[PDB]
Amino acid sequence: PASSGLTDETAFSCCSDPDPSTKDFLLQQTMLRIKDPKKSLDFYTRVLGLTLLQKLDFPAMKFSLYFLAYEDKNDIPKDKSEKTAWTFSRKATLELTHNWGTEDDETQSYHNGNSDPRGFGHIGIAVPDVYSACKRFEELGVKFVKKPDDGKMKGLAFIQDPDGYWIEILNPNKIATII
């Protein structure tokens, strides 16, 4: 017969315990290409409150990388080598990739993964209060894909960044409510 999703039993049976060699692995980054770092940096820092950990430039290859994360800026090492080893050992960073010149091209944009052809869906941020977070987002001119009370899943939002990537806004202590 055709799909009905895996039962917990089938799902749970596909799960292995971590091999000891993987014990110090961490999920360090999600990389997204960005058209204009001026817009993106302003959005991710001012709207969402993330910090720029490091900027890396690769002139020969004509791109820059910007690493953003929820980290205290006073924790960032000043020295470029110690900064680099710190940035790349932090959990949950965003690597924003700037291919030089895209900001000047008015016919160029990246694809957000949510229309054909689909793949990547979104990043997601946990906040203590979705409704107050989104009220602030609204006051700052943030574009919404889904307002918190819109649609089936009440109490949950999606906003877009300056490239159009979707960002889920959720409250971990109330997700239990909205099945």
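Superpose the two forms; the largest set of C-alphas matching within 1.5 Å is the rigid core. Position 1 is the first residue in the sequence shown; the rest follow in order.
A.B. asks: Which stretch is less alike in 5 other deposited structures of this protein, 13 to 21 or 154 to 162, counting RMS CA distance after the rigid core is superposed?
C.D. replies: After the core superposition, the stretch with higher RMS deviation in 5 other deposited structures of this protein is 13 to 21.
A.B. asks: Would you tell me which stretch averages the higher CA B-factor in the PDB entry, 72 to 80 or 93 to 101?
C.D. replies: Higher mean C-alpha B-factor in the PDB entry: 72 to 80.
A.B. asks: Per the PDB record, is the mean Cα temperature factor higher over 127 to 135 or over 59 to 67?
C.D. replies: The entry gives the higher C-alpha B-factor average to 127 to 135.
A.B. asks: From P37, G151, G49, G113, pick the one with the largest CA B-factor in the entry?
C.D. replies: Reading the PDB entry, the winner on C-alpha B-factor is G151.
A.B. asks: Taking the values exactly as deposited, rank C15 by C-alpha B-factor within its chain and report the matching third: lowest, middle or highest.
C.D. replies: Its C-alpha B-factor belongs to the highest third of this chain's values.
A.B. asks: Ranking every modelled residue in this chain by its Cα temperature factor as given in the entry, which third contains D161?
C.D. replies: As the PDB entry reports it, the C-alpha B-factor of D161 lands in the lowest third of its chain.
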